[PDB]
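**Q** Below: one structure in structure tokens.
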Amino acid sequence: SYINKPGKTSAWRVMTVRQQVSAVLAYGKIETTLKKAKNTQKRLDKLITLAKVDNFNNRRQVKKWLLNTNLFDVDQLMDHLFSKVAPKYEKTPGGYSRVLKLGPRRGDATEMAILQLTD
Amino acid sequence: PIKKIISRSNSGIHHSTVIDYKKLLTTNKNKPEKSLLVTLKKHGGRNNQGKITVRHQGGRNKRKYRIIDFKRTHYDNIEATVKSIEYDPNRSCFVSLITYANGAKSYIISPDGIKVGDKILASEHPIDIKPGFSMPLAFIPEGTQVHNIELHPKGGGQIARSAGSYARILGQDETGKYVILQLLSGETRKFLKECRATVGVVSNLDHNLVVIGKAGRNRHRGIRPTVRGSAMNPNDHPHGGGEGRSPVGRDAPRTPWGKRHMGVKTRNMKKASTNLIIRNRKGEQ
Amino acid sequence: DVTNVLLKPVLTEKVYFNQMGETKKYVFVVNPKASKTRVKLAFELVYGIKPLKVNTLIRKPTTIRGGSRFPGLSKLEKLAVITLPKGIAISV
Amino acid sequence: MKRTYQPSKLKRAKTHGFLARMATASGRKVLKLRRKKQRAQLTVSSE
RNA sequence: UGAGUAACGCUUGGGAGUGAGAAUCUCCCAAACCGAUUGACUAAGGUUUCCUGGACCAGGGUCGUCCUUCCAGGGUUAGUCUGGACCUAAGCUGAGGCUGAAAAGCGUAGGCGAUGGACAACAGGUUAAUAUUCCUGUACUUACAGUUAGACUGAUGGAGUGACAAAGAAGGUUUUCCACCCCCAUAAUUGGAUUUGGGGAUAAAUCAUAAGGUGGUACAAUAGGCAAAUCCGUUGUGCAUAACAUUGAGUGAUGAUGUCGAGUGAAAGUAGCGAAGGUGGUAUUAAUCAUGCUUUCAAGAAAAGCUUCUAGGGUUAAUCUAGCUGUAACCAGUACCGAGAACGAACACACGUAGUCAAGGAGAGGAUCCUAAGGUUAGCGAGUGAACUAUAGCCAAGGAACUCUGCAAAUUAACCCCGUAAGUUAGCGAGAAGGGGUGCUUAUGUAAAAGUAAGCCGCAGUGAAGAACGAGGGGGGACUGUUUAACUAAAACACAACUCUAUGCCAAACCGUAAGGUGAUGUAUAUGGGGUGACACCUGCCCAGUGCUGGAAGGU
RNA sequence: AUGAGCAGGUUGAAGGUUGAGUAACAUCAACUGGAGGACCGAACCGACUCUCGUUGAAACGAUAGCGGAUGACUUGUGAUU
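Same order as they appear, the protein sequences are chains m, a, s and 0. In terms of the deposited numbering, the first sequence opens at residue 2 and continues consecutively. In terms of the deposited numbering, the second sequence opens at residue 2 and continues consecutively. In terms of the deposited numbering, the third sequence opens at residue 2 and continues consecutively. In terms of the deposited numbering, the fourth sequence opens at residue 1 and continues consecutively.
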């Protein structure tokens with residue numbers, strides 16, 4: 002046993018979760034593996050809950066979850082979210098997004114799931 | 002003069018003694034000239050095709066042997082003066098540059114006890130017996146310091162031309178031929194009474210005192226360390242073999258060719274040189 | 002020269018680009034039994050006009066038709082780039 | 001590490017090249033043997 | 001059959017497109033680190049693997065709409081570059097020849113043969129190419145012949161030159177870096193504020209100028225380098241102390257109203273445009289001077305080439321040089337990969353290697369970690385957190401109780417300041433031991449600094465990463481080093497050195513049979529062999545036998 | 001035979017210059033010197049060890065250390081047995 006792939010790690014999970022939260026921020030609708038969705042629902046619901054406080058400290062805190070994208074940039078996303086999107090999700094206590102089961106992947110039979118967000 | 006000093010080595014000790022080369026000479030830098038130089042290269046002790054001939058050759062530094070002249074018949078009796086007595090690394094002695102008055106510079110093996118500036122000259126006629134002077138043996142008296150003696154009428158000097166080596170005259174024979182010499186190496190012969198011999202004693206009497214010190218210095222002088230004959234297979238060295246350091250068990254152990262070498266009569270007795278022998282490390286003749 | 006060391010020109014879009022250049026650069030497949038001086042003298046006797054510049058490269062026998070039922074090798078062909086004087090041109 | 005065989009074209013063309021074998025009669029006789037074997041690889045050129 | 005078993009041969013995300021078909025193809029943007037390497041120059045090699053478009057019978061450890069796969073087509077340009085036409089080194093061959101049944105080995109003249117010597121252009125540009133090879137500019141050289149002019153040269157031969165180590169050191173030299181300016185751009189909310197990023201150069205060739213460096217330079221006669229000498233050798237006078245022969249970094253101007261440039265940047269980041277284009281110190285940096293200089297011994301190529309000497313001669317001229325003009329520059333290479341999936345290695349192999357250069361931050365430094373440039377997706381994946389199995393992170397407590405064992409692991413580690421024992425053959429011992437401190441800010445501090453004072457903080461201050469666990473006793477071996485490619489690398493081997501012996505020239509010896517060669521181009525202070533085997537004192541009885549040597553009579 | 005190369009940090013030697021010093025030696029101080037089959041320490045070499053791999057990419061390998069690493073140095077090229 003010697004040099005091989007590092008495989009999944011807790012840190013790998015952390016970066017991967019942040020990359021999908023940035024991606025769904027850029028898009029809103031995602032077609033991914035269900036398992037990452039069920040792992041990232043915690044962070045996404047807590048972000049929806051904590052971004053509703055809507056202050057500069059919340060901007061600092063949510064800065065630690067976004068990346069640089071091609072469809073937008075980080076700062077205009079901060080503006081748009083804190084202006085209309087995060088306040089929009091105050092109607093219901095919990096149960097923010099829907100992760101609905103698609104078919105499996107053609108390659109290795111990985112359970113596709115569609116992630117969308119409505120209140 | 003040899004000197005040995007602590008080399009500040011932190012792994013073992015050595016005995017490397019070195020000669021000054023400075024208080025005995027000019028400034029210590031290799032000074033070459035384009036006049037007389039023929040290079041000599043390591044032969045590795047191998048034949049004209051590649052098979053072994055000599056034992057543990059190579060390891061030394063490549064040198065250009067200075068062209069040292071011994072014919073001493075091209076220019077004689079015309080005044081000359083030594084220019085620079087200097088080392089010859091391809092030999093064991095120091096060599097001297099001399100300039101014959103026609104304007105000809107050459108090298109010659111410098112014997113012991115000669116200073117630069119004094120005029121020296123090779124003459125085929127009765128002259129001084131000062132060391133370094135060259136004489137026909139028909140005009141030499143008994144008991145003089147002679148070195149680098151030839152065996153032919155101009156066959157080149159061969160005997161007693163290593164550092165601190167010479168020979169002594171025993172006068173000439175009763176009949177007046179084959180001048181008698183008390184040979185080095187505990188021998189005694191009678192050379193031609195007409196040989197051209199140069200009187201003196203080859204320089205560097207202290208070359209017997211220099212110590213290699215470390216095996217690496219020995220290798221860099223041109224010697225390859227080799228395993229002893231006993232620590233060998235029973236073939237390619239007959240006395241090799243044995244499990245657990247079996248020493249020699251036979252009298253007079255053998256060489257790698259399996260030949261006796263303890264005191265055995267080994268020389269070529271049927272030589273022409275043997276007929277002219279008084280003492281040859283043994284009895285008469 | 003012998004003039005037998007000139008087989009054919011080669012023409013394509015890259016050859017279009019070469020010949021439309023101010024140097025009048027042409028490329029020929031040629032028989033390699035001649036040196037640059039000999040090739041340019043052969044061209045100097047095929048029509049009687051001296052060329053401007055002569056250079057040569059070769060293509061070694063390469064595997065022809067790749068891997069197939071009957072594969073083989075190509076030929077050793079010399080590509081000579083010969084430039085006419087910058088003002089002269091031929092109409093063939 | 002250090003390979004037993006190297007693609008030294010020049011070294012091989014000097015060791016088992018045509019002229020290295022034609023310079024000796026034994027090489028020419030070996031070539032006659034190969035002739036009798038009808039081989040396709042004969043020498044460095046007719047390989 | 002074993003059977004879906006083991007494995008998928010060092011590794012990703014999301015979105016979108018094409019596509020009937022997507023983890024596997026790509027478009028966008030992500031992430032990941034290397035970065036003295038995942039860079040680039042690349043040498044050799046494999047030589048088309050390099051490119052465009054089509055599809056992917058075969059293969060891609062799955063995948064395949066795609067690939068170094070195939071199909072069709074196509075790509076590599078040298079007057080100055082490498083090696084040819086120049087050269088020799090190791091070494092090799094070798095007629096007429098030594099020479100051995102035949103066959104063959106040897107080697108003269110001759111003829112080959114780098115791993116070295118000598119040799120005339122730079123930048124930029126282009127396109128699917130690749131290019132000091134093609135081109136824009138500015139160049140340069142070589143001959144060839146003609147021409148004019150100066151106008152005696154000089155080999156084939158001699159001589160100088162070519163033509164010489166390693167190692168150290170400090171000068172100069174431009175850089176670099178920094179202080180600093182210019183210019184481009186820059187103007188910011190989330191708390192606080194106008195702030196940070198980048199650039200600033202320009203060659204070959206020419207001259208002017210080469211700081212300086214090396215090391216004798218005019219005269220006389222010469223005794224000599226087959227012959228030949230004015231060249232050289234050559235002894236004096238003289239300039240010696242420097243005239244002189246030689247030479248050289250660097251600076252400036254042409255080159256260049258150019259390239260390039262912070263960058264700006266239309267139908268592609270492309271067509272176009274394009275400021276600054278600098279100052280001073282520099283305790284770092286670096287390479288030209290430099291083939292410099294020096295220390296030392298184990299003392300460091302020739303040939304081609306350049307010139308000279310007389311030669312050889314000619315002088316109704318040759319030759320050389322100068323100018324001008326014409327002419328021309330022939331042979332093969334220029335793709336791509338190229339310390340690896342294009343070399344091999346059985347291979348998409350986690351495998352190993354030629355040279356060269358290789359940034360910023362601290363750092364002595366290529367140590368260390370992250371980034372600059374460059375470059376990236378290691379051809380299977382997904383679910384899960386059972387046993388068992390690798391790796392780690394952790395462990396309290398004892399602190400060798402386990403073992404055949406202190407095997408493993410561990411405290412140990414960087415810097416600064418100390419101090420270090422006995423013994424020592426005076427070198428060492430000795431990172432001895434053992435300890436103290438390292439953070440920040442404000443100042444003192446010099447040129448940065450090393451340090452010092454005041455205050456402050458932590459749970460600790462290479463606050464990350466990179467760093468010895470010792471002391472003593474006994475045995476051998478002295479020892480640094482070589483060894484069983486590939487189970488055990490040492491107390492084995494080697495060994496300096498000691499001892500003994502043998503060996504005197506056509507040396508002995510060794511190879512071969514001789515030939516021939518090494519020995520050896522050696523010469524008893526040289527070499528071999530046989531034992532020992534840092535250093536010190538010794539090497540005690542015995543020649544019975546034999547071994548070796550010797551001898552003279554004699555039995556044979 | 002011909003070439004190339006081996007960061008840096010160290011420690012600091014033989015030797016030598018001046019002086020003290022001795023009638024002269026002798027002895028030592030200051031200074032230069034920058035070598036050591038010297039030390040680390042890189043690249044690199046080899047593989048002493050713990051473990052793993054055990055039809056492994058591996059027909060000698062994977063990391064961690066480890067003995068060196070300017071000399072008993074390596075290599076490159078050709079040749080030679």
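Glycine included, C-beta positions come from ideal geometry on N, C-alpha and C.
Can you give the Cα-Cα distance for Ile278 (chain a) and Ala25 (chain 0), rounded to whole angstroms?
**A** Position 277 of the second sequence, counted from the start, is the residue given in the question as residue 278 (chain a). Position 25 of the fourth sequence, counted from the start, is the residue given in the question as residue 25 (chain 0). Cα to Cα, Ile278 (chain a) sits roughly 54 Å from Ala25 (chain 0).
**Q** Apart from the five residues on each side of it in sequence, which residues of its chain come closer than 7 Å, Cβ to Cβ, to residue 1 (chain a)?
**A** This structure leaves residue 1 (chain a) out entirely; chain a is present only between 2 and 286.
**Q** Could you say which of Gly60 (chain a), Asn31 (chain a), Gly51 (chain a) and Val55 (chain a) lies nearest to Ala216 (chain a) if we only look at CA atoms?
**A** On the second sequence, position 215 is the one that residue 216 (chain a) refers to. Looking at the Cα atoms, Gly60 (chain a) is the closest of the given residues.
**Q** Among the candidates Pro254 (chain a), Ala232 (chain a), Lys191 (chain a) and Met233 (chain a), whose CA atom is the shortest distance from the CA of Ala273 (chain a)?
**A** For the purposes of this step, residue 273 (chain a) is identified with residue 272 of the second sequence, where counting begins at 1. Measuring from the Cα of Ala273 (chain a), the nearest candidate turns out to be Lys191 (chain a).
**Q** Candidates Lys5 (chain a), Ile99 (chain a), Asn11 (chain a) and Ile20 (chain a): which alpha carbon is nearest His208 (chain a)'s?
**A** The residue labelled residue 208 (chain a) in the question sits at position 207 within the second sequence. Selected option, being the one with the closest Cα: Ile20 (chain a).
**Q** With which residues is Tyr3 (chain m) paired in a DSSP beta bridge?
**A** Residue mapping note: residue 3 (chain m) aligns to position 2 of the first sequence, counting from 1. Looking at the DSSP assignment, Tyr3 (chain m) forms no beta bridge with any residue, so it has no partner.
**Q** Taking DSSP as the reference, what is the three-state secondary structure of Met113 (chain m)?
**A** The residue labelled residue 113 (chain m) in the question sits at position 112 within the first sequence. In this structure, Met113 (chain m) counts as strand in the three-state DSSP scheme.
**Q** Which same chain residues end up closer than 6 Å to residue 1 (chain a) when comparing Cβ atoms and leaving out the 5 residues on each side of it in sequence?
**A** Because chain a spans 2 through 286 in this model, residue 1 (chain a) falls outside it and cannot be assessed.
**Q** Whose C-alpha, out of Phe83 (chain m), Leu35 (chain m), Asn71 (chain m) and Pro94 (chain m), is nearest the C-alpha of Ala110 (chain m)?
**A** One-based indexing of the first sequence puts residue 110 (chain m) at position 109. Nearest C-alpha to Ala110 (chain m): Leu35 (chain m).
**Q** Would you say the segment 81 to 93 of chain s touches the segment 42 to 62 of chain s, given that touching needs at least three Cβ pairs under 8 Å?
**A** Verdict: yes, contact present.
**Q** So, for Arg64 (chain a): in the same chain, excluding its five sequence neighbours on each side, which residues have a beta-carbon less than 8 Å away from its beta-carbon?
**A** The residue you call residue 64 (chain a) lines up with position 63 of the second sequence. Excluding sequence neighbours, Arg64 (chain a) sits near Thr40, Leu41, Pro90 and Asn91.
**Q** Take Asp174 (chain a) and list the residues in its own chain whose beta-carbon comes closer than 8 Å to its own, dropping the five residues that flank it on each side.
**A** On the second sequence, position 173 is the one that residue 174 (chain a) refers to. Closer than 8 Å at Cβ, skipping near neighbours: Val180, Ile181, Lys191 and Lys194.
**Q** Tell me whether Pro112 (chain a) sits in a helix, a strand or coil according to DSSP, three-state version.
**A** The residue labelled residue 112 (chain a) in the question sits at position 111 within the second sequence. Strand at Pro112 (chain a).
**Q** Can you check the segment 2 to 73 of chain s for any beta strand (DSSP E) of at least 3 residues that lies completely inside it and give the ranges in chain order?
**A** Whole beta strand (DSSP E) segments, 3+ residues: 26 to 31 and 54 to 60.
**Q** Would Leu51 (chain m) pass as a contact of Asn40 (chain m) if the rule is Cβ separation under 8 Å?
**A** By 1-based counting over the first sequence, the position of residue 51 (chain m) is 50. By 1-based counting over the first sequence, the position of residue 40 (chain m) is 39. Taking 8 Å as the Cβ cut-off, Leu51 (chain m) and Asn40 (chain m) do not qualify as a contacting pair.
**Q** Could you give the distance in angstroms between the alpha-carbon of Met79 (chain m) and the alpha-carbon of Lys6 (chain m)?
**A** Looking up residue 79 (chain m) in the first sequence gives position 78. Looking up residue 6 (chain m) in the first sequence gives position 5. Spanning the two alpha carbons is a distance of roughly 36 Å.
**Q** Drop a sphere of 10 angstroms on the beta-carbon of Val55 (chain a), count the other beta-carbons inside from all chains shown, and report buried for 16 or more, exposed for fewer.
**A** Your numbering for residue 55 (chain a) matches position 54 in the second sequence. So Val55 (chain a) ends up on the exposed side.
**Q** Could you compute how far the alpha carbon of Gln21 (chain m) sits from the alpha carbon of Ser2 (chain m)?
**A** As a working mapping, residue 21 (chain m) is identified with position 20 in the first sequence. As a working mapping, residue 2 (chain m) is identified with position 1 in the first sequence. For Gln21 (chain m) and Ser2 (chain m), the distance between alpha carbons rounds to 32 Å.
**Q** I need the boundaries of the beta strand (DSSP E) containing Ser23 (chain m), first residue and last residue.
**A** Sequence index remark: in the first sequence, residue 23 (chain m) carries index 22 (1-based). Per DSSP, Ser23 (chain m) belongs to no beta strand (DSSP E); it is in the alpha helix (DSSP H), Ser11 to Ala27.
**Q** Could you please give me the residues that DSSP links to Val19 (chain a) through a beta bridge?
**A** Residue numbering aside, residue 19 (chain a) sits at position 18 when the second sequence is read from its first letter. Partner(s): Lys4 (chain a).
**Q** Could you check how far apart the C-beta atoms of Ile99 (chain a) and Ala81 (chain a) are, in whole angstroms? I think they sit under 8 Å.
**A** In the second sequence, residue 99 (chain a) corresponds to position 98, counting from 1. In the second sequence, residue 81 (chain a) corresponds to position 80, counting from 1. Confirmed, about 5 Å.
**Q** Out of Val200 (chain a), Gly245 (chain a), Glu244 (chain a) and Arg218 (chain a), state which residue places its alpha-carbon closest to the alpha-carbon of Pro132 (chain a).
**A** Here residue 132 (chain a) corresponds to residue number 131 of the second sequence, with the count starting at 1. Residue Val200 (chain a) is the option with its Cα nearest to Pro132 (chain a).
**Q** When you compare only the Cα positions, how much space is there between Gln146 (chain a) and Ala123 (chain a)?
**A** Here residue 146 (chain a) refers to the residue found at position 145 of the second sequence. Here residue 123 (chain a) refers to the residue found at position 122 of the second sequence. About 16 Å.
**Q** Out of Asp129 (chain a), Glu125 (chain a) and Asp77 (chain a), point me to the one whose CA is closest to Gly104 (chain a)'s CA.
**A** In the second sequence, the residue the question calls residue 104 (chain a) occupies position 103. That would be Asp77 (chain a), whose Cα lies nearest to the Cα of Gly104 (chain a).
**Q** Suppose the cutoff is 7 Å on Cβ atoms and the five residues either side in sequence are ignored; what does the same chain contact list for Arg218 (chain a) look like?
**A** Counting from 1 along the second sequence, the entry for residue 218 (chain a) is found at position 217. Same-chain partners within the cutoff: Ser17.
**Q** Skipping 5 residues on each side, what residues in its chain have a beta carbon closer than 8 Å to that of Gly73 (chain s)?
**A** Position 72 of the third sequence holds residue 73 (chain s). Excluding residues within five positions, the ones whose Cβ falls inside 8 Å are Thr64, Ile65 and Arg66.
**Q** Return the first residue and the last residue of the alpha helix (DSSP H) that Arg21 (chain 0) is part of.
**A** Translated into the one-based positions of the fourth sequence, residue 21 (chain 0) becomes position 21. From DSSP, the alpha helix (DSSP H) with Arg21 (chain 0) extends over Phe18 to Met22.
**Q** Could you tell me the distance, in whole angstroms, from the CA atom of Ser12 (chain a) to the CA atom of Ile6 (chain a)?
**A** Residue mapping note: residue 12 (chain a) aligns to position 11 of the second sequence, counting from 1. Residue mapping note: residue 6 (chain a) aligns to position 5 of the second sequence, counting from 1. Distance between the alpha carbons of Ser12 (chain a) and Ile6 (chain a): 16 Å.
**Q** Where do the N-terminal and C-terminal ends of the alpha helix (DSSP H) with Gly217 (chain a) fall, by residue?
**A** For the purposes of this step, residue 217 (chain a) is taken as residue 216 along the second sequence, with counting starting at 1. Unbroken alpha helix (DSSP H) run through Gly217 (chain a): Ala216 to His221.
**Q** Spatial neighbours of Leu8 (chain s) within its chain, please: CB distance less than 8 Å, with the 5 preceding and 5 following residues excluded, ordered by chain position.
**A** Working through the third sequence from its first residue, we reach residue 8 (chain s) at position 7. Counting only Cβ-Cβ distances below 8 Å, and skipping sequence neighbours, we find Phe29, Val30, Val31 and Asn32.
**Q** Measuring only the C-alpha atoms, how far is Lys26 (chain s) from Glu34 (chain a)?
**A** Sequence index remark: in the third sequence, residue 26 (chain s) carries index 25 (1-based). Sequence index remark: in the second sequence, residue 34 (chain a) carries index 33 (1-based). So the alpha carbons of these two residues sit roughly 60 Å apart.
**Q** In chain order, what residues of the same chain have a beta carbon less than 7 Å from the beta carbon of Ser36 (chain a), not counting five sequence neighbours either side?
**A** Here the question's residue 36 (chain a) lines up with position 35 in the second sequence. Result list for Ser36 (chain a): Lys106, in chain order.
**Q** Given 8 Å as the limit, is there contact between the segment 91 to 100 of chain m and the segment 68 to 83 of chain m, that is, 3 or more CB pairs closer than that?
**A** No, because fewer than three Cβ pairs between the segment 91 to 100 of chain m and the segment 68 to 83 of chain m fall closer than 8 Å, the two stretches do not touch.
**Q** Of the residues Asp120 (chain m), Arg106 (chain m) and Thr119 (chain m), which one's Cα is nearest the Cα of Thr33 (chain m)?
**A** Against the first sequence, residue 33 (chain m) aligns to sequence position 32. For the residues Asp120 (chain m), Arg106 (chain m) and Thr119 (chain m), the minimum Cα distance to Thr33 (chain m) belongs to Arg106 (chain m).
**Q** So what does DSSP say about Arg35 (chain 0), is it helix, strand or coil?
**A** As a working note, residue 35 (chain 0) is residue 35 in the fourth sequence. Three-state result, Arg35 (chain 0): helix.
**Q** Using only the alpha-carbon positions, how far apart do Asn31 (chain a) and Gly264 (chain a) sit?
**A** Within the second sequence, the letter at position 30 stands for residue 31 (chain a). Within the second sequence, the letter at position 263 stands for residue 264 (chain a). Looking at the two C-alpha atoms, the distance is approximately 44 Å.
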